[PDB]
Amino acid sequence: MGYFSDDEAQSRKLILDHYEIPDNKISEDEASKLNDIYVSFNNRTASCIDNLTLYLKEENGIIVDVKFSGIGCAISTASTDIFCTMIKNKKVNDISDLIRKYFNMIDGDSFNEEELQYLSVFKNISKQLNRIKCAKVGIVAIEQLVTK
């Protein structure tokens, strides 16, 4: 929220606006009536209230629609949503790349702000305590849904 740095306040509205107004977050009503072309994975962390179910739909090697649902914090609802908007018409390869490249930046290592884009606000969550699993919980669910 501060304004000494240039990134901080701009980076702390992307989280606030993808957590109070997520783009791809559905209701438990809306999820049950989804077409059975969607796959699902629920991942839960015990370090927060983050228990999210992801929904991906494949159309000839291209992920066409991604939605997520459930309970989550700002770090979980922003990381999932921002990730969801970006994997939105990409292929089942070049998503598995973002996931591990995102995880390496979450693990405090090399990242490309051109490849990770608005996931680069999470570039130093390994410095905030017990927030690493909050920024991995929803993307690990996507990870399973791309492989299995």
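Quick note: we count residues from 1 along the sequence shown, nothing fancier.
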> Looking only at CA atoms, which has the higher mean B factor in the entry: 104 to 112 or 75 to 83?
Replying inline: 104 to 112
> Comparing 137 to 145 with 2 to 10, which stretch shows the greater average C-alpha B-factor in the deposited entry?
Replying inline: 2 to 10
>> In terms of recorded Cα temperature factor, pick the maximum from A31, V64, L54, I49.
In response: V64
>> Per the entry's Cα B factor values, which of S27, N93, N43, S40 stands out as the maximum?
In response: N93
>> What third of the chain does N60 rank in for C-alpha temperature factor, lowest, middle or highest?
In response: highest
> In terms of the chain's CA B-factor thirds, is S69 lowest, middle or highest?
Replying inline: lowest
